[PDB]
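K.L.:
Just so it is clear, I am handing over final_24.pdb, which has PDB, C-alpha atoms and all ligand atoms.
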```
MODEL        1
ATOM      1  CA  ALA A   1       0.000   0.000   0.000
ATOM      2  CA  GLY A   2       1.155   3.511  -0.835
ATOM      3  CA  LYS A   3       3.625   2.484  -3.542
ATOM      4  CA  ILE A   4       3.656   4.014  -7.016
ATOM      5  CA  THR A   5       0.833   2.497  -9.025
ATOM      6  CA  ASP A   6       1.184   4.283 -12.386
ATOM      7  CA  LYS A   7       4.063   5.787 -14.360
ATOM      8  CA  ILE A   8       3.058   8.624 -16.654
ATOM      9  CA  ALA A   9       5.317  10.600 -18.989
ATOM     10  CA  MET A  10       4.681  14.201 -20.124
ATOM     11  CA  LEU A  11       5.496  14.893 -23.773
ATOM     12  CA  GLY A  12       5.162  18.025 -25.906
ATOM     13  CA  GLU A  13       7.179  20.928 -27.291
ATOM     14  CA  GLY A  14       8.651  23.560 -25.007
ATOM     15  CA  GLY A  15       6.267  26.115 -23.571
ATOM     16  CA  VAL A  16       3.021  24.136 -23.964
ATOM     17  CA  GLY A  17       2.452  23.819 -20.240
ATOM     18  CA  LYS A  18       3.928  20.432 -19.261
ATOM     19  CA  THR A  19       5.542  21.580 -16.004
ATOM     20  CA  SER A  20       2.597  23.843 -15.115
ATOM     21  CA  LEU A  21       0.120  20.971 -15.568
ATOM     22  CA  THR A  22       2.189  18.605 -13.422
ATOM     23  CA  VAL A  23       2.793  21.145 -10.633
ATOM     24  CA  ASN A  24      -0.921  21.978 -10.629
ATOM     25  CA  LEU A  25      -2.000  18.334 -10.569
ATOM     26  CA  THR A  26       0.342  17.431  -7.709
ATOM     27  CA  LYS A  27      -0.531  20.453  -5.549
ATOM     28  CA  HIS A  28       3.140  21.460  -5.329
ATOM     29  CA  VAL A  29       3.894  24.281  -2.828
ATOM     30  CA  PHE A  30       4.733  26.960  -5.357
ATOM     31  CA  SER A  31       1.985  25.745  -7.654
ATOM     32  CA  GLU A  32       2.086  28.886  -9.736
ATOM     33  CA  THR A  33       5.822  29.338 -10.287
ATOM     34  CA  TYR A  34       7.772  26.124  -9.611
ATOM     35  CA  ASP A  35       9.936  25.449 -12.669
ATOM     36  CA  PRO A  36      13.423  24.056 -12.051
ATOM     37  CA  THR A  37      16.015  24.200 -14.833
ATOM     38  CA  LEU A  38      16.415  20.452 -14.445
ATOM     39  CA  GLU A  39      12.979  18.760 -14.631
ATOM     40  CA  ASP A  40      11.625  16.782 -11.708
ATOM     41  CA  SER A  41       9.570  13.633 -11.370
ATOM     42  CA  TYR A  42       6.365  14.492  -9.470
ATOM     43  CA  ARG A  43       3.912  12.465  -7.394
ATOM     44  CA  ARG A  44       0.178  12.586  -6.779
ATOM     45  CA  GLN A  45      -1.498  10.354  -4.224
ATOM     46  CA  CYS A  46      -5.199  10.298  -5.036
ATOM     47  CA  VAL A  47      -8.312   8.179  -5.260
ATOM     48  CA  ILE A  48      -9.437   7.597  -8.843
ATOM     49  CA  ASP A  49     -12.950   6.184  -9.145
ATOM     50  CA  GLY A  50     -12.777   4.664  -5.663
ATOM     51  CA  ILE A  51      -9.331   3.109  -6.105
ATOM     52  CA  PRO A  52      -6.368   4.624  -4.208
ATOM     53  CA  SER A  53      -3.649   5.405  -6.763
ATOM     54  CA  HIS A  54      -0.164   6.924  -6.644
ATOM     55  CA  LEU A  55       0.876   8.547  -9.905
ATOM     56  CA  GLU A  56       4.532   9.216 -10.675
ATOM     57  CA  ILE A  57       4.758  11.802 -13.439
ATOM     58  CA  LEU A  58       7.909  12.310 -15.477
ATOM     59  CA  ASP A  59       8.166  15.946 -16.552
ATOM     60  CA  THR A  60      10.402  16.271 -19.611
ATOM     61  CA  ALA A  61      12.312  18.794 -21.671
ATOM     62  CA  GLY A  62      14.953  12.148 -30.078
ATOM     63  CA  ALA A  63      16.948   9.358 -28.431
ATOM     64  CA  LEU A  64      16.311  10.650 -24.906
ATOM     65  CA  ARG A  65      12.599  10.860 -25.713
ATOM     66  CA  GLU A  66      12.768   7.138 -26.504
ATOM     67  CA  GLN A  67      14.057   6.381 -22.998
ATOM     68  CA  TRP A  68      11.237   8.435 -21.493
ATOM     69  CA  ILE A  69       8.801   6.261 -23.461
ATOM     70  CA  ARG A  70      10.295   2.878 -22.547
ATOM     71  CA  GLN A  71      10.204   3.720 -18.840
ATOM     72  CA  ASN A  72       6.565   4.837 -18.641
ATOM     73  CA  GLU A  73       3.180   3.096 -19.048
ATOM     74  CA  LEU A  74       0.841   6.007 -19.762
ATOM     75  CA  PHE A  75       1.274   9.257 -21.652
ATOM     76  CA  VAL A  76       0.061  12.819 -21.588
ATOM     77  CA  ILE A  77       0.955  14.589 -24.830
ATOM     78  CA  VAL A  78       0.463  18.324 -24.414
ATOM     79  CA  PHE A  79      -0.048  21.063 -26.991
ATOM     80  CA  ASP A  80      -0.848  24.786 -26.655
ATOM     81  CA  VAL A  81      -4.193  25.631 -28.194
ATOM     82  CA  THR A  82      -2.783  29.044 -29.119
ATOM     83  CA  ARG A  83       0.081  27.536 -31.170
ATOM     84  CA  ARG A  84      -0.736  25.341 -34.132
ATOM     85  CA  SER A  85       2.891  24.215 -34.507
ATOM     86  CA  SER A  86       2.674  22.586 -31.052
ATOM     87  CA  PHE A  87      -0.426  20.681 -32.143
ATOM     88  CA  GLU A  88       1.458  19.369 -35.143
ATOM     89  CA  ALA A  89       4.340  18.204 -32.945
ATOM     90  CA  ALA A  90       1.938  16.475 -30.585
ATOM     91  CA  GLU A  91       0.600  14.396 -33.502
ATOM     92  CA  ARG A  92       4.181  13.468 -34.437
ATOM     93  CA  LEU A  93       4.904  12.602 -30.785
ATOM     94  CA  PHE A  94       1.923  10.274 -30.653
ATOM     95  CA  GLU A  95       3.406   8.311 -33.575
ATOM     96  CA  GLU A  96       6.774   8.137 -31.783
ATOM     97  CA  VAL A  97       5.013   6.697 -28.740
ATOM     98  CA  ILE A  98       3.114   4.023 -30.679
ATOM     99  CA  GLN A  99       6.135   2.995 -32.782
ATOM    100  CA  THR A 100       8.403   2.796 -29.740
ATOM    101  CA  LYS A 101       5.828   0.792 -27.753
ATOM    102  CA  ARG A 102       5.369  -1.459 -30.796
ATOM    103  CA  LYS A 103       9.111  -2.185 -30.751
ATOM    104  CA  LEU A 104       9.012  -3.386 -27.151
ATOM    105  CA  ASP A 105       5.788  -5.404 -27.421
ATOM    106  CA  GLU A 106       7.808  -7.796 -29.595
ATOM    107  CA  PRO A 107       0.031  -4.882 -25.582
ATOM    108  CA  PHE A 108       0.162  -1.083 -25.621
ATOM    109  CA  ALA A 109      -2.931   0.669 -26.989
ATOM    110  CA  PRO A 110      -3.657   4.259 -28.119
ATOM    111  CA  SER A 111      -6.129   4.654 -25.239
ATOM    112  CA  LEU A 112      -3.133   4.792 -22.855
ATOM    113  CA  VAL A 113      -2.348   8.186 -24.338
ATOM    114  CA  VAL A 114      -4.208  11.434 -23.817
ATOM    115  CA  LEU A 115      -3.783  14.475 -26.033
ATOM    116  CA  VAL A 116      -4.130  17.622 -23.958
ATOM    117  CA  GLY A 117      -5.047  21.001 -25.418
ATOM    118  CA  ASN A 118      -3.640  23.329 -22.756
ATOM    119  CA  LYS A 119      -4.071  27.077 -22.189
ATOM    120  CA  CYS A 120      -7.795  26.904 -22.913
ATOM    121  CA  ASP A 121      -8.276  30.032 -20.751
ATOM    122  CA  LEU A 122      -6.690  31.795 -23.746
ATOM    123  CA  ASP A 123      -9.835  31.292 -25.804
ATOM    124  CA  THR A 124      -9.591  34.639 -27.619
ATOM    125  CA  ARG A 125      -6.187  33.608 -28.979
ATOM    126  CA  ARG A 126      -6.662  30.000 -29.963
ATOM    127  CA  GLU A 127      -5.230  28.719 -33.261
ATOM    128  CA  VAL A 128      -6.481  25.151 -32.819
ATOM    129  CA  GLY A 129     -10.212  24.435 -32.447
ATOM    130  CA  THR A 130     -11.804  22.081 -29.929
ATOM    131  CA  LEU A 131     -13.502  19.975 -32.606
ATOM    132  CA  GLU A 132     -10.156  19.722 -34.453
ATOM    133  CA  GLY A 133      -8.336  18.352 -31.423
ATOM    134  CA  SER A 134     -11.233  16.040 -30.736
ATOM    135  CA  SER A 135     -11.224  14.638 -34.294
ATOM    136  CA  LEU A 136      -7.471  14.042 -34.354
ATOM    137  CA  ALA A 137      -7.707  12.085 -31.111
ATOM    138  CA  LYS A 138     -10.598  10.058 -32.527
ATOM    139  CA  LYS A 139      -8.615   9.355 -35.682
ATOM    140  CA  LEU A 140      -5.653   8.118 -33.594
ATOM    141  CA  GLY A 141      -7.659   6.164 -30.997
ATOM    142  CA  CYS A 142      -6.487   8.292 -28.060
ATOM    143  CA  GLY A 143      -8.045  10.571 -25.472
ATOM    144  CA  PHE A 144      -8.540  14.319 -25.764
ATOM    145  CA  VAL A 145      -8.976  16.788 -22.908
ATOM    146  CA  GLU A 146      -8.786  20.594 -22.901
ATOM    147  CA  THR A 147      -7.141  22.150 -19.853
ATOM    148  CA  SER A 148      -5.937  25.310 -18.178
ATOM    149  CA  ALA A 149      -2.914  24.642 -15.976
ATOM    150  CA  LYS A 150      -3.231  28.256 -14.869
ATOM    151  CA  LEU A 151      -6.804  27.954 -13.611
ATOM    152  CA  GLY A 152      -6.649  24.229 -12.816
ATOM    153  CA  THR A 153      -9.500  23.588 -15.249
ATOM    154  CA  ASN A 154      -9.878  19.906 -16.194
ATOM    155  CA  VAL A 155      -6.348  19.093 -15.051
ATOM    156  CA  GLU A 156      -7.332  16.055 -12.933
ATOM    157  CA  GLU A 157      -9.663  14.777 -15.674
ATOM    158  CA  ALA A 158      -6.773  14.867 -18.134
ATOM    159  CA  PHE A 159      -4.273  12.883 -16.038
ATOM    160  CA  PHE A 160      -6.826  10.458 -14.620
ATOM    161  CA  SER A 161      -8.173   9.742 -18.111
ATOM    162  CA  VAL A 162      -5.312   7.420 -19.000
ATOM    163  CA  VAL A 163      -5.579   5.546 -15.722
ATOM    164  CA  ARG A 164      -9.317   5.159 -16.340
ATOM    165  CA  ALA A 165      -8.610   3.870 -19.846
ATOM    166  CA  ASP A 166      -6.062   1.314 -18.609
ATOM    167  CA  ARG A 167      -8.647  -0.032 -16.174
ATOM    168  CA  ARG A 168     -11.353  -0.038 -18.840
ATOM    169  CA  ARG A 169      -9.121  -2.388 -20.865
ATOM    170  CA  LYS A 170      -8.926  -5.130 -18.232
ATOM    171  CA  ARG A 171     -12.475  -6.025 -19.250
TER     172      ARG A 171
HETATM  173  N1  LIG B   1      -2.652  31.342 -19.711
HETATM  174  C1  LIG B   1      -2.053  30.145 -19.498
HETATM  175  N2  LIG B   1      -0.699  30.072 -19.456
HETATM  176  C2  LIG B   1      -0.080  28.888 -19.236
HETATM  177  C3  LIG B   1      -0.878  27.680 -19.053
HETATM  178  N3  LIG B   1      -0.020  26.663 -18.858
HETATM  179  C4  LIG B   1       1.232  27.174 -18.919
HETATM  180  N4  LIG B   1       1.188  28.503 -19.136
HETATM  181  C5  LIG B   1       2.337  29.418 -19.292
HETATM  182  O1  LIG B   1       3.120  28.893 -20.342
HETATM  183  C6  LIG B   1       4.488  29.169 -20.125
HETATM  184  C7  LIG B   1       5.233  27.851 -20.252
HETATM  185  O2  LIG B   1       4.737  26.979 -19.233
HETATM  186  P1  LIG B   1       5.598  25.686 -18.840
HETATM  187  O3  LIG B   1       4.826  24.922 -17.787
HETATM  188  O4  LIG B   1       6.964  26.082 -18.335
HETATM  189  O5  LIG B   1       5.661  24.887 -20.260
HETATM  190  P2  LIG B   1       6.575  23.602 -20.629
HETATM  191  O6  LIG B   1       7.820  24.053 -21.366
HETATM  192  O7  LIG B   1       5.747  22.664 -21.502
HETATM  193  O8  LIG B   1       6.944  22.898 -19.344
HETATM  194  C8  LIG B   1       4.589  29.780 -18.741
HETATM  195  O9  LIG B   1       4.689  31.212 -18.855
HETATM  196  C9  LIG B   1       3.271  29.420 -18.099
HETATM  197  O10 LIG B   1       2.870  30.382 -17.125
HETATM  198  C10 LIG B   1      -2.338  27.845 -19.107
HETATM  199  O11 LIG B   1      -3.090  26.868 -18.958
HETATM  200  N5  LIG B   1      -2.828  29.072 -19.337
HETATM  201 MG    MG B   2       8.857  22.355 -18.427
HETATM  202 MG    MG B   3      15.023  18.157  -9.214
ENDMDL
END
```
Go through the file and emit its structure as structure tokens.

P.N.:
Amino acid sequence: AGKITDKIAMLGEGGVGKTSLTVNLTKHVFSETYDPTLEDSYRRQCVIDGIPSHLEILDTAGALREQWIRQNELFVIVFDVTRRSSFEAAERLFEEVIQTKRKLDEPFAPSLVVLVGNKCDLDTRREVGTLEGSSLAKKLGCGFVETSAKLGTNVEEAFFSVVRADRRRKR
């Protein structure tokens, strides 16, 4: 009891909100500003749908990305809804995840990934639409959640989504 139950990796281009999301989720003491030059691994003890869970989240920032993928079970791929280039990278990153997980499996499934459209509080400046993010995720077989690390909006839903999916798979 109390041990790490799930290993999640953050992926996404710089500036999309990876660190901010993780610090928000884990209720870190300087929730608004904590951002060390060298990324940390973060922990959240929680109860997800009645089951006590302990998430270990790898914050990150090609070959090194492959190590991050081998050493984690679930994935949160973040893009910035105000930056279409970040959305394009996220799609590329999803393919890296699948291909890498395919290598090891010889199983991993796209539902163990969630695409996160962050900075949704910046609605008046979005370059990527909600329906567009939703349709990409549907095309790929993965989750899609819109979040605001700044306001905390939908942050838990985003992270817990991949745990929920993993459990859904067992039956
Ligand atoms: N308005 C807004 N700004 C955000 C949000 N998430 C992150 N930021 C800002 O985006 C910048 C980069 O955030 P950071 O967490 O360091 O991104 P990272 O490089 O992916 O880890 C910082 O100035 C954050 O304050 C959000 O949800 N809304
Ligand atoms: Mg960061
Ligand atoms: Mg550290």

K.L.:
Can you give me, as a tab-separated table (two decimals) with C-alpha atoms, in the frame of the given file, the residues this file yields under the PyMOL selection byres (((not hetatm)) within 9 of (chain B and resi 2))?

P.N.:
```tsv
chain	number	residue	atom	x	y	z
A	14	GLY	CA	8.65	23.56	-25.01
A	15	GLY	CA	6.27	26.12	-23.57
A	16	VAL	CA	3.02	24.14	-23.96
A	17	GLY	CA	2.45	23.82	-20.24
A	18	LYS	CA	3.93	20.43	-19.26
A	19	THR	CA	5.54	21.58	-16.00
A	20	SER	CA	2.60	23.84	-15.12
A	35	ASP	CA	9.94	25.45	-12.67
A	36	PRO	CA	13.42	24.06	-12.05
A	37	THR	CA	16.02	24.20	-14.83
A	38	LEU	CA	16.42	20.45	-14.44
A	39	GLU	CA	12.98	18.76	-14.63
A	59	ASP	CA	8.17	15.95	-16.55
A	60	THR	CA	10.40	16.27	-19.61
A	61	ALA	CA	12.31	18.79	-21.67
```

K.L.:
Need the shell around stretch 147-160 of chain A: protein/DNA/RNA residues with any atom at most 7 Å away, counting all atoms listed in the file. Skip same-chain ones fewer than 4 positions apart. Format as an MDAnalysis selection string?

P.N.:
chainID A and resid 17 20:21 24:25 48 116:121 164

K.L.:
Would you work out the distance separating atom CA of residue A:44 from atom CA of residue A:134, expressed in Å to one decimal?

P.N.:
26.8 Å

K.L.:
Give, as lines of an AutoDock Vina configuration file, the centre coordinates and the x, y and z edge lengths in Å to one decimal for an axis-aligned box around all listed atoms of ligand LIG 1 (chain B), padded by 6 Å on each side.

P.N.:
```
center_x = 2.4
center_y = 27.0
center_z = -19.3
size_x = 22.9
size_y = 20.7
size_z = 16.4
```

K.L.:
Starting from the PyMOL selection byres (((chain A and resi 11) around 8) and not hetatm), expand the selection into actual residues of this file and give them as a PyMOL selection string.

P.N.:
chain A and resi 9-10+12-13+18+59-60+75-78+90+93

K.L.:
Write to file, as a JSON list (two decimals), in the coordinates of the input, the residues of the selection just made, with C-alpha atoms.

P.N.:
```
[["chain", "number", "residue", "atom", "x", "y", "z"],
["A", 9, "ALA", "CA", 5.32, 10.60, -18.99],
["A", 10, "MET", "CA", 4.68, 14.20, -20.12],
["A", 12, "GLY", "CA", 5.16, 18.02, -25.91],
["A", 13, "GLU", "CA", 7.18, 20.93, -27.29],
["A", 18, "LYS", "CA", 3.93, 20.43, -19.26],
["A", 59, "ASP", "CA", 8.17, 15.95, -16.55],
["A", 60, "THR", "CA", 10.40, 16.27, -19.61],
["A", 75, "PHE", "CA", 1.27, 9.26, -21.65],
["A", 76, "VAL", "CA", 0.06, 12.82, -21.59],
["A", 77, "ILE", "CA", 0.96, 14.59, -24.83],
["A", 78, "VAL", "CA", 0.46, 18.32, -24.41],
["A", 90, "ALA", "CA", 1.94, 16.48, -30.58],
["A", 93, "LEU", "CA", 4.90, 12.60, -30.78]]
```

K.L.:
Point out the residue among A:63, A:47, A:58, A:122 with the least atom-to-atom distance to residue A:83, counting all atoms listed in the file.

P.N.:
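Closest residue, counting all atoms listed in the file: A:122.
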
K.L.:
Find, counting only C-alpha atoms, the residue in A:135, A:130, A:67, A:72 that gets nearest to residue A:108.

P.N.:
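Distance minimum relative to residue A:108 lands on A:72.
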
K.L.:
Tell me which of A:105, A:40, A:132, A:6 sits closest to ligand MG 3 (chain B), counting only C-alpha atoms and all ligand atoms.

P.N.:
A:40

K.L.:
Quick one: everything within 12 Å of residue A:168, counting all atoms listed in the file, minus sequence neighbours fewer than 5 positions away in the same chain. Send it as a list in words.

P.N.:
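Listing them by chain and then by number gives residues 49, 109, 111, 112, 161, 162 and 163 of chain A.
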